[PDB]
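Notes follow once the structure below has been shown.
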Amino acid sequence: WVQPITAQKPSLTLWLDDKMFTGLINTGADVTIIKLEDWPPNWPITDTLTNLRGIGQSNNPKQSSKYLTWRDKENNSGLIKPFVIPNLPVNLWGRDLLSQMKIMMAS
């Protein structure tokens, strides 16, 4: 059912939406970003982000908002609306989901 997380690496098995699956855990997440390759093909997704070149005031490419629900076999882990772009945003969860999952210095 569930897989034991070995060392802080992008590898772990928890359930999402309503079924178990694999994923990757980041030890330094700021904003939950999930690539488009994991988004509902039923409808397209687009957002407004920022791409500041300092001198080249630019804007980042729209990233879906479709929120994902990741929960460990214990029936809990974290779920929030991430950013999904068809360019592979490094697939990272949010500091909230990570902190809980196994990032917060629980001591």
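By convention in this document, the chains of the structure tokens carry letters A, B, ... by their order, each chain's residues are numbered from 1, and ligands are numbered from 1 in the order they are shown.
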> Mind checking DSSP for range 4-106 of chain A and telling me the helix (DSSP H, G or I) residues as a list in words?
Replying inline: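 These are the residues in question: residues 36, 37, 38, 95, 96, 97, 98, 99, 100, 101, 102 and 103 of chain A.
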Write the residues you've just listed into a file as a PDB file, in the first residue's frame, and include N, CA, C and O atoms for each of them.
```pdb
ATOM      1  N   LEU A  36       2.351  19.994 -16.111  1.00  0.00           N
ATOM      2  CA  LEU A  36       1.104  19.762 -16.827  1.00  0.00           C
ATOM      3  C   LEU A  36       0.890  18.285 -17.130  1.00  0.00           C
ATOM      4  O   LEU A  36      -0.243  17.823 -17.248  1.00  0.00           O
ATOM      5  N   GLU A  37       1.982  17.550 -17.264  1.00  0.00           N
ATOM      6  CA  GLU A  37       1.912  16.122 -17.560  1.00  0.00           C
ATOM      7  C   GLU A  37       1.068  15.366 -16.531  1.00  0.00           C
ATOM      8  O   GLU A  37       0.726  14.203 -16.739  1.00  0.00           O
ATOM      9  N   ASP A  38       0.735  16.022 -15.420  1.00  0.00           N
ATOM     10  CA  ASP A  38      -0.066  15.392 -14.372  1.00  0.00           C
ATOM     11  C   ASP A  38      -1.379  16.141 -14.151  1.00  0.00           C
ATOM     12  O   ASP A  38      -1.965  16.075 -13.071  1.00  0.00           O
ATOM     13  N   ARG A  95       5.673  24.062   0.884  1.00  0.00           N
ATOM     14  CA  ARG A  95       6.273  24.033   2.214  1.00  0.00           C
ATOM     15  C   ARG A  95       5.281  23.554   3.268  1.00  0.00           C
ATOM     16  O   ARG A  95       5.675  23.008   4.298  1.00  0.00           O
ATOM     17  N   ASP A  96       3.995  23.753   3.009  1.00  0.00           N
ATOM     18  CA  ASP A  96       2.962  23.327   3.941  1.00  0.00           C
ATOM     19  C   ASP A  96       2.830  21.807   3.934  1.00  0.00           C
ATOM     20  O   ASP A  96       2.842  21.166   4.986  1.00  0.00           O
ATOM     21  N   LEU A  97       2.709  21.232   2.738  1.00  0.00           N
ATOM     22  CA  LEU A  97       2.579  19.786   2.603  1.00  0.00           C
ATOM     23  C   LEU A  97       3.872  19.083   3.007  1.00  0.00           C
ATOM     24  O   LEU A  97       3.840  18.044   3.666  1.00  0.00           O
ATOM     25  N   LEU A  98       5.009  19.658   2.621  1.00  0.00           N
ATOM     26  CA  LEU A  98       6.302  19.074   2.964  1.00  0.00           C
ATOM     27  C   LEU A  98       6.521  19.113   4.471  1.00  0.00           C
ATOM     28  O   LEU A  98       6.763  18.082   5.098  1.00  0.00           O
ATOM     29  N   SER A  99       6.430  20.313   5.046  1.00  0.00           N
ATOM     30  CA  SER A  99       6.615  20.497   6.484  1.00  0.00           C
ATOM     31  C   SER A  99       5.895  19.402   7.264  1.00  0.00           C
ATOM     32  O   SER A  99       6.476  18.767   8.145  1.00  0.00           O
ATOM     33  N   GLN A 100       4.631  19.182   6.918  1.00  0.00           N
ATOM     34  CA  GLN A 100       3.827  18.162   7.574  1.00  0.00           C
ATOM     35  C   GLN A 100       4.338  16.767   7.236  1.00  0.00           C
ATOM     36  O   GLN A 100       4.677  15.989   8.129  1.00  0.00           O
ATOM     37  N   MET A 101       4.388  16.454   5.941  1.00  0.00           N
ATOM     38  CA  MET A 101       4.854  15.150   5.478  1.00  0.00           C
ATOM     39  C   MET A 101       6.073  14.673   6.262  1.00  0.00           C
ATOM     40  O   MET A 101       6.035  13.627   6.911  1.00  0.00           O
ATOM     41  N   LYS A 102       7.156  15.444   6.205  1.00  0.00           N
ATOM     42  CA  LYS A 102       8.377  15.087   6.917  1.00  0.00           C
ATOM     43  C   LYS A 102       9.481  16.113   6.677  1.00  0.00           C
ATOM     44  O   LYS A 102      10.611  15.754   6.349  1.00  0.00           O
ATOM     45  N   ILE A 103       9.159  17.393   6.854  1.00  0.00           N
ATOM     46  CA  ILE A 103      10.146  18.451   6.661  1.00  0.00           C
ATOM     47  C   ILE A 103      10.347  19.242   7.949  1.00  0.00           C
ATOM     48  O   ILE A 103      11.470  19.615   8.289  1.00  0.00           O
TER      49      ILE A 103
END
```
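Look at residue 14 in chain A: the protein and nucleic acid residues within 12 Å of it, using only C-alpha atoms and passing over chain neighbours fewer than 2 places away, are residues 1, 2, 3, 4, 5, 11, 12, 16, 17, 18, 19, 20, 21, 22, 23, 24, 25, 69, 70, 71, 72, 73, 74, 75, 76, 77, 78 and 101 of chain A.
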Could you please take those selected residues and save N, CA, C and O atoms as a CSV table (one decimal), in the first residue's frame?
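Heads up, here's the output in part-v1.csv:
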```csv
chain,number,residue,atom,x,y,z
A,1,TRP,N,0.8,-1.2,0.0
A,1,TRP,CA,0.0,0.0,0.0
A,1,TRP,C,0.9,1.3,0.0
A,1,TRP,O,0.8,2.1,-0.9
A,2,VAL,N,1.7,1.4,1.0
A,2,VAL,CA,2.5,2.6,1.2
A,2,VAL,C,4.0,2.2,1.1
A,2,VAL,O,4.4,1.0,1.4
A,3,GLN,N,4.9,3.1,0.7
A,3,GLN,CA,6.3,2.9,0.7
A,3,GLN,C,7.1,3.7,1.6
A,3,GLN,O,6.8,4.9,1.8
A,4,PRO,N,8.1,3.2,2.3
A,4,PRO,CA,8.9,3.9,3.3
A,4,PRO,C,9.9,4.9,2.6
A,4,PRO,O,10.7,4.5,1.7
A,5,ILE,N,9.8,6.1,3.0
A,5,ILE,CA,10.7,7.2,2.4
A,5,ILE,C,12.1,7.0,2.9
A,5,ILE,O,12.4,7.0,4.1
A,11,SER,N,11.3,10.8,-3.9
A,11,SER,CA,10.7,9.4,-4.1
A,11,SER,C,9.9,9.0,-2.9
A,11,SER,O,10.4,9.0,-1.7
A,12,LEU,N,8.6,8.7,-3.1
A,12,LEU,CA,7.7,8.3,-2.0
A,12,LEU,C,6.4,7.9,-2.6
A,12,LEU,O,6.0,8.3,-3.7
A,16,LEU,N,-3.3,9.9,-3.8
A,16,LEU,CA,-3.7,11.2,-4.3
A,16,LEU,C,-5.1,11.2,-4.9
A,16,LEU,O,-5.4,10.2,-5.6
A,17,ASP,N,-5.9,12.2,-4.7
A,17,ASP,CA,-7.3,12.2,-5.2
A,17,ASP,C,-8.1,11.2,-4.6
A,17,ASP,O,-9.1,11.5,-3.9
A,18,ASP,N,-7.8,9.9,-4.9
A,18,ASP,CA,-8.6,8.8,-4.3
A,18,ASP,C,-7.9,7.5,-4.7
A,18,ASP,O,-8.6,6.5,-4.9
A,19,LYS,N,-6.6,7.4,-4.7
A,19,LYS,CA,-5.9,6.2,-5.1
A,19,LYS,C,-4.4,6.4,-4.8
A,19,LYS,O,-3.8,7.5,-5.0
A,20,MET,N,-3.7,5.3,-4.4
A,20,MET,CA,-2.3,5.3,-4.1
A,20,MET,C,-1.5,5.6,-5.4
A,20,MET,O,-1.9,5.2,-6.5
A,21,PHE,N,-0.3,6.2,-5.2
A,21,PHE,CA,0.6,6.5,-6.3
A,21,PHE,C,1.9,7.0,-5.8
A,21,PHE,O,2.1,7.1,-4.6
A,22,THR,N,2.9,7.1,-6.7
A,22,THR,CA,4.2,7.6,-6.4
A,22,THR,C,4.4,9.1,-6.6
A,22,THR,O,3.5,9.7,-7.1
A,23,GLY,N,5.5,9.6,-6.1
A,23,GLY,CA,5.7,11.1,-6.2
A,23,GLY,C,7.1,11.4,-5.7
A,23,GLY,O,8.0,10.5,-5.5
A,24,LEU,N,7.4,12.7,-5.5
A,24,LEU,CA,8.7,13.2,-5.1
A,24,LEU,C,8.6,14.2,-4.0
A,24,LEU,O,7.8,15.1,-4.1
A,25,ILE,N,9.4,14.1,-3.0
A,25,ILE,CA,9.4,15.1,-1.8
A,25,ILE,C,10.6,16.0,-1.9
A,25,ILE,O,11.7,15.5,-2.0
A,69,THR,N,-4.5,16.7,-4.1
A,69,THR,CA,-4.7,16.2,-2.8
A,69,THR,C,-3.8,15.0,-2.5
A,69,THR,O,-4.2,13.9,-2.8
A,70,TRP,N,-2.6,15.2,-1.9
A,70,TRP,CA,-1.7,14.1,-1.5
A,70,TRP,C,-1.9,13.8,-0.1
A,70,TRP,O,-1.8,14.6,0.8
A,71,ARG,N,-2.1,12.5,0.2
A,71,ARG,CA,-2.3,12.0,1.6
A,71,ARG,C,-1.6,10.7,1.7
A,71,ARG,O,-1.7,9.8,0.9
A,72,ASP,N,-0.9,10.5,2.9
A,72,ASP,CA,-0.2,9.3,3.1
A,72,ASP,C,-1.2,8.2,3.6
A,72,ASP,O,-2.3,8.6,4.1
A,73,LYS,N,-0.8,7.0,3.5
A,73,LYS,CA,-1.6,5.8,3.9
A,73,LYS,C,-2.4,6.1,5.3
A,73,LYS,O,-3.4,5.6,5.5
A,74,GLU,N,-1.8,7.0,6.1
A,74,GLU,CA,-2.4,7.3,7.4
A,74,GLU,C,-3.7,8.2,7.1
A,74,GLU,O,-4.3,8.6,8.1
A,75,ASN,N,-4.0,8.5,5.9
A,75,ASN,CA,-5.1,9.3,5.5
A,75,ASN,C,-4.9,10.7,5.8
A,75,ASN,O,-5.7,11.4,6.3
A,76,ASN,N,-3.7,11.2,5.4
A,76,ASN,CA,-3.4,12.6,5.6
A,76,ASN,C,-1.9,13.0,5.2
A,76,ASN,O,-1.0,12.2,5.5
A,77,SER,N,-1.7,14.1,4.6
A,77,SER,CA,-0.4,14.6,4.2
A,77,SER,C,-0.4,16.0,3.7
A,77,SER,O,0.4,16.8,4.1
A,78,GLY,N,-1.4,16.4,2.9
A,78,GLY,CA,-1.5,17.8,2.5
A,78,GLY,C,-2.1,17.9,1.1
A,78,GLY,O,-2.0,17.0,0.3
A,101,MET,N,4.4,16.5,5.9
A,101,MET,CA,4.9,15.1,5.5
A,101,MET,C,6.1,14.7,6.3
A,101,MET,O,6.0,13.6,6.9
```
>> as number ranges by chain, please: every residue in range 49-99 of chain A that DSSP puts in strand (DSSP E or B).
In response: A: 49-52, 57-60, 64, 68-72, 76-80, 83-84, 92
> When you draw a straight line from CA of residue 68 in chain A to CA of residue 35 in chain A, how long is it in Å?
Replying inline: 11.6 Å
>> Give me, as a PyMOL selection string, all polymer residues having an atom no more than 10 Å from range 44-61 of chain A, counting only C-alpha atoms and skipping those fewer than 2 positions away in the same chain.
In response: chain A and resi 36+39-42+63-66+83-87
What would the file look like if the residues just selected were written as a compact mmCIF listing (two decimals), in the first residue's frame with C-alpha atoms?
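See part_1.txt below for the written result:
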```txt
# COMPACT_ATOMS: atom_id res chain seq x y z
CA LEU A 36 1.10 19.76 -16.83
CA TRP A 39 -3.06 17.64 -15.08
CA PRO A 40 -6.60 16.75 -16.34
CA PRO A 41 -6.42 16.61 -20.17
CA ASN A 42 -10.17 17.29 -20.14
CA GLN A 63 0.53 27.75 -14.51
CA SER A 64 -2.68 25.82 -13.87
CA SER A 65 -4.35 26.16 -10.48
CA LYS A 66 -6.00 22.70 -10.29
CA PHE A 83 1.09 25.67 -10.42
CA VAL A 84 1.00 23.44 -13.48
CA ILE A 85 2.88 24.36 -16.67
CA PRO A 86 3.73 22.08 -19.64
CA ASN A 87 7.47 22.56 -19.16
```
